[PDB]
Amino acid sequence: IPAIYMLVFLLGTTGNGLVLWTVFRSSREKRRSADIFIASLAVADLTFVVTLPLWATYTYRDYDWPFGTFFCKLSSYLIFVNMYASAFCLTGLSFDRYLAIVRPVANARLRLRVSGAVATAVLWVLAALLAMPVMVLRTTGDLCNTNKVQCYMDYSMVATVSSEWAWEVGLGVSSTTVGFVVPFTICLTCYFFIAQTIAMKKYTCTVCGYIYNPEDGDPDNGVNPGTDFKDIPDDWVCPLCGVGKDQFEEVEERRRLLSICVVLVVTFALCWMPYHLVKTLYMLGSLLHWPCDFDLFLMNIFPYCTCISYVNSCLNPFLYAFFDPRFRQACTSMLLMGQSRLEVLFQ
């Protein structure tokens, strides 16, 4: 348990430090549309790793904060700011893939570069405003131990004499809504509309090169616009060379940007679902009144839920090295940079 957290800090600073460097090293006119959200995700994951030496020492001494009041406020604020920001970056990535693949409006009216620049400014402004009450409510002090001080959320500042639970559940449910429920629903809607257009795959002639598009079809021969290639009558031949349906190959479009988007979302959902499910169940446990044995599990699973959420911060650079070919190409170029460095030092 303590050795695992120490490994995350080592893989986080070097991992996210590489991701941030690879995007910045790329040319001004050679940058991808998704790169603006990739760079912002790297900044969010990097600052998330900076809060680990404050959190790991706190867990070692079993809930003890020897840093201060301002450090308890800032670290807790940065943890939640980056919690919303990383989720909003994936929302931007999914919407970027939606506007490009689906295309709801005209190509000139879409403004993909403009929309991306607007979304990145709005997400960083929202993440700071939404996580703002966290910094205000967080304060250091003795709870029961007296000799050992702990950094906790003190609801007494805004709540009345009995509405202390109401604010914990009020801010708690909204955090799951803003940070997971709303972004994941947009993520699911984007993926659904993307798969909807892809559903009817293109077929190309291996003889002449006729690119059959299911959207346009072939109304000159009899194929209605919207007919799938498999739904086409068996008597139909190529309108350019007259070859059978058996001489056509399926267009397996190498959608690399969607592969980076899906993998990052799936891994995020696997690392954010146990943290958000245990939290919501604990908040609902006081209102719905769940059994004594059920609440005992959630209290012991939660410190491990915060562990797997920290894993996601250092797991992302590994995913860029397995599915993204652009990051793999810049990695080899980084060793070539070190090869010219050793060649310039001796010549």
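All residue numbers refer to positions in the sequence shown, first residue = 1.
**Q** Tell me which of 68-76 and 228-236 has the higher mean C-alpha B-factor in the deposited entry.
**A** Comparing averages over the C-alpha atoms only gives 68-76.
**Q** Please work out which of 35-43 and 283-291 has the higher mean CA B-factor as recorded in the PDB entry.
**A** Per the PDB entry, the higher value belongs to 283-291.
**Q** Which third of the chain does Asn221 land in by C-alpha B-factor: lowest, middle or highest?
**A** Its C-alpha B-factor, which the entry lists for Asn221, ranks in the middle third among residues of this chain.
**Q** Would you please rank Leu143 by its C-alpha temperature factor against the other modelled residues of its chain and give the third it falls in: lowest, middle or highest?
**A** Highest third - that is where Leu143 ends up once the chain's C-alpha B-factors are sorted.
**Q** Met273: which third of its chain by C-alpha temperature factor?
**A** Tercile = middle for this residue's CA B-factor.
**Q** Looking at the temperature factor on the CA atom of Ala106, which third of the chain's modelled residues does it land in?
**A** CA B-factor rank for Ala106: middle third.
**Q** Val136: which third of its chain by C-alpha temperature factor?
**A** Answer is middle: the recorded C-alpha B-factor places it there.
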